[PDB]
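Take a look at the structure below.
Number of protein chains: 2
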Amino acid sequence: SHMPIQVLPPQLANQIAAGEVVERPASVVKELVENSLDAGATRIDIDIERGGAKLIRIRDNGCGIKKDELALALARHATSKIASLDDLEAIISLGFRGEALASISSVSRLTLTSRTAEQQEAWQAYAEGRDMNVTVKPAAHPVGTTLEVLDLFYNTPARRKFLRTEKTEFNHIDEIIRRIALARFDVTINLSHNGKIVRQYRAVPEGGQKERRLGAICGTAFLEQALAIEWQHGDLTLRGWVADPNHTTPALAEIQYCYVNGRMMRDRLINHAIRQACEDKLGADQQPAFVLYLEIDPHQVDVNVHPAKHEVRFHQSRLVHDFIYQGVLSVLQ
Amino acid sequence: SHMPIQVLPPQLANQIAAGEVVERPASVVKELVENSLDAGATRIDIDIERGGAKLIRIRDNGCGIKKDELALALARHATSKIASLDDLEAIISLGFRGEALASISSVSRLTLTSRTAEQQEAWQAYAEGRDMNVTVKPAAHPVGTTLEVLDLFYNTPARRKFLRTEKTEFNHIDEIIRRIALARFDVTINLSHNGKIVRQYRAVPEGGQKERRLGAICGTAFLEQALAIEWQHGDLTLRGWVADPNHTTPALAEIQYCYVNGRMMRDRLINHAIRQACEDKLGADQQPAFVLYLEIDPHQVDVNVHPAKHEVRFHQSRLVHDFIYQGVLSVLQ
Ligand SMILES: Nc1ncnc2c1ncn2[C@@H]1O[C@H](COP(=O)(O)OP(=O)(O)NP(=O)(O)O)[C@@H](O)[C@H]1O
Ligand SMILES: Nc1ncnc2c1ncn2[C@@H]1O[C@H](COP(=O)(O)OP(=O)(O)NP(=O)(O)O)[C@@H](O)[C@H]1O
Ligand SMILES: [Mg+2]
Ligand SMILES: [Mg+2]
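Heads up: the protein sequence lines correspond to chains A and A', in order. A prime marks a further copy of an entry chain.
Residue numbers for the first sequence, in the authors' numbering: -2 to -1, 1 to 331.
Residue numbers for the second sequence, in the authors' numbering: -2 to -1, 1 to 331.
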């Protein structure tokens, strides 16, 4: 009662939000790359310096951002991905909060450069001060977008403390890119660290062999034990690969990549079903190895549960669980 | 690119936020009770109808809300608990986002009634419409506050679907109150369902016997196996009770209540330390039974990690883990 109820200064409000969506450099990468994907990008180039605490640069050949919308992209609660509750209940894009960029710009030096196919001119924008004022200026840039995030946490001392070693932080980034690359085989992704290319996943052409990228990402060992899954029932569909439990190793078990309508996701319900199918087939229970993709009617899954979309909730939980169980169990025999 | 980047209508922006902090009636109870606690409340009366999907009423004898701040309490990003980054990095209150009430009012019919010790007059406020307009009107009410939340999710169809049975939903509420009652022995809490009292935890007086409430909440079985802990090192301090592992049952293992600076918390780091201490003492590894309280310098723990504060991150992780380990291991011998 001593302190009056008072609206929070813009920057601080954004920093509170950033603490919930941006835990480390890999988080910034996750959010920016998903934006590139939502933008229709086919090629995404990522440059990281000193694990990301120094610089994170992401360029894509997506549709770009119109000059008159640059500031809006840095504003709070502003998005082009949804505009109604109906849109929210039927999410068909990675983003929908209209918050990621504003959140990130409050805890770093973020620069947005972009040009659309209809523009001959490219522009650049960035926010500053307690009020997060945006300035827009001329720039050179092909069709698409570039995001530059520098000095992550330079203005938030306590959080910068949590940063691990350059190697460790980059490793999480590499793992994040790993998961994203497997979600979209039709997208080329290049990752560099301190001026050196660490990896490049070329997009898989039409009907091309997906095994190629799968093997390039998860390893030949997984590929040799990978059992293809094709299971469907109405809106529900399960695709991907599950390693034979009898030939799964602790190292392979490190591959437990799951997707729900293309979004990377770690769900206890799903993992339980998978493991149960393997347990009921194999002799004992263990950690399965898999890269699975669940496609389901957006109305049947709640994705508005975690600010970073790290969780989901299925309406017909028991049903979905049995679907995956049967699907996996089916292939194990 | 087809849809313009556009600021989200107020109500919808709040509904997106509500999806991340309010998963069910018990969540609404959690947020409102923590407000009552932050307000210095000594007695909190909770009335629930039909598991909370119909009505949730919480009254407290806290300090109240000044008439001219009623609207602000329903506004977004507005709080009296912090005002700077320094305040955020040294959290000493349950709330700090200035968002809970606004979020909840967007997905229910929420009414706020309150009067401060300096006011002879009491007032009532509530928000409405896509823009969340607030109206303030006269009311009768003692010193303190009352929150009324009706028809939870009446305007969000997909989410209302996730509601379980009246019994189930109330059960989560009861469990939430359980955890909160154990955090503050100095607070009286009464819980009723459909017009009937289900429980009432009278506050424990000065130096009074805490065992009383502990036994009333966790059961005599826990109390008979409860081993008191007193372990400290600088800012770090571990207090509470841990059941003898050799005499812990699956039923008792249901009691794994942990607190960090008074805030209920489920942390993997902490649970790991506890279990390890029990494992290293006992013969095998299992689920321990405990009600422990960790007090630590706010600067040493990040509580700005989850919108509902369901998680924390310790800066000196290895250290804290060893502190708890030693603390528990110490008593087991
Ligand atoms: N790489 C990009 N290419 C094209 N448009 C982009 C890109 N990144 C961001 N945008 C635009 O900027 C707006 C989004 O900023 P952002 O802060 O990421 O919110 P969001 O994607 O709408 N939702 P969320 O990610 O859930 O907060 C988007 O809605 C797009 O219109
Ligand atoms: N029961 C209460 N008694 C007195 N003041 C209250 C009570 N509930 C809410 N308030 C006031 O209303 C403002 C808070 O609304 P709320 O939306 O719960 O945000 P918060 O508690 O500030 N932060 P957070 O809970 O993290 O969103 C508080 O900061 C208090 O000033
Ligand atoms: Mg986004
Ligand atoms: Mg609050």
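Just so you know, even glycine gets a beta-carbon here, dropped at the ideal spot from N, CA and C.
Notebook entry, point to check: Is it the case that the CB of A:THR109 approaches a heavy atom of ligand 2 more closely than 7 Å?
Noted result: no
Check: Using a threshold of 7 Å, is the CB atom of A':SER106 nearer than that to any non-hydrogen atom of ligand 2?
Finding: no
Notebook entry, point to check: How would you list, in chain order, the residues of chain A whose beta-carbon sits under 8 Å from the beta-carbon of A':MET1?
Noted result: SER78, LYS79, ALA81
Next item on the list: Determine the contact status of A':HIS313 and A:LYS159, defining contact as a CB-CB distance below 8 Å.
Entry: yes
Notebook entry, point to check: Is A':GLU29 near ligand 4, with its Cβ less than 7 Å from a heavy atom?
Noted result: yes
Next item on the list: For A:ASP300, go through chain A' and note every residue whose CB falls closer than 8 Å to its CB, in chain order.
Entry: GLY17, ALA156, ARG157, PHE160
Margin query: 8 Å is my cut-off, CB to CB: does A':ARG176 come that close to chain A?
Written below: no
Note to self: For a cutoff of 8 Å on Cβ pairs, would you count A':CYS216 as touching chain A?
What the structure shows: no
Checklist line | Residues with C-beta closer than 5 Å to any heavy atom of ligand 2, in chain order | finding: A:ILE3, A':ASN33, A':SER34, A':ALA37, A':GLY60, A':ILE63, A':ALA71, A':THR77, A':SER78, A':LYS79, A':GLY93, A':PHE94, A':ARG95, A':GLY96, A':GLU97, A':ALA98, A':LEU99, A':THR143
Note to self: A:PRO23 and residue 335 of chain A - do their beta-carbons sit closer together than 8 Å?
What the structure shows: Residue 335 of chain A is absent from the structure shown; chain A starts at -2 and stops at 331.
Next item on the list: With a floor of 3 residues, list each beta strand (DSSP E) that falls wholly inside the region 48 to 86 of chain A', ordered by position along the chain.
Entry: 53 to 58
Item checked: Residues near residue 377 of chain A' by beta carbon distance below 7 Å, same chain, minus five either side -> Nothing about residue 377 of chain A' can be read from this structure; chain A' reaches only from -2 to 331.
Checklist line | A:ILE14 (DSSP reduced to helix, strand or coil) | finding: helix
Notebook entry, point to check: Quick one, which residues of the region 30 to 57 of chain A' are near chain A if we go by CB-CB under 9 Å, in chain order?
Noted result: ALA37, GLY38
Note to self: I'd like to confirm something about A':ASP184: is its beta-carbon nearer than 7 Å to some heavy atom of ligand 1, or not?
What the structure shows: no
Checklist line | Extent of the continuous alpha helix (DSSP H) to which A':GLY142 belongs | finding: Counting along the chain, A':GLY142 falls outside any alpha helix (DSSP H), though it belongs to the beta strand (DSSP E) covering 142 to 148.
Check: So, using beta-carbon positions, are A:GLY93 and A:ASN33 closer together than 8 Å?
Finding: yes
Check: So is A':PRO305 in contact with chain A if we call contact Cβ pairs under 8 Å?
Finding: yes
Item checked: Straight-line Cα distance separating A':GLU146 from A':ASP172 -> 18 Å
Notebook entry, point to check: Tell me which same chain residues have a C-beta within less than 7 Å of the C-beta of A:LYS64, skipping the five on either side of it?
Noted result: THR114
Next item on the list: Measure from the C-beta of A':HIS313 to each C-beta in chain A and report whether the shortest distance is under 8 Å.
Entry: yes
Next item on the list: Drop a sphere of 10 angstroms on the beta-carbon of A':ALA249, count the other beta-carbons inside from all chains shown, and report buried for 16 or more, exposed for fewer.
Entry: exposed
Check: Under 8 Å between C-beta atoms, does A:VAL258 make it to chain A'?
Finding: no
Next item on the list: Kindly indicate the opening and closing residues of the alpha helix (DSSP H) around A:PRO136.
Entry: Premise fails: A:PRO136 lies in the beta strand (DSSP E), 131 to 137, not in any alpha helix (DSSP H).
Check: Do you know offhand how far A:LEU236's Cα is from A:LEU83's?
Finding: 28 Å
Next item on the list: Determine which residues of the region 88 to 101 of chain A have a Cβ less than 8 Å from any Cβ of chain A', and write them out in chain order.
Entry: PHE94, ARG95, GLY96
Checklist line | chain A' within 8 Å of A:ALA275, Cβ atoms only | finding: no
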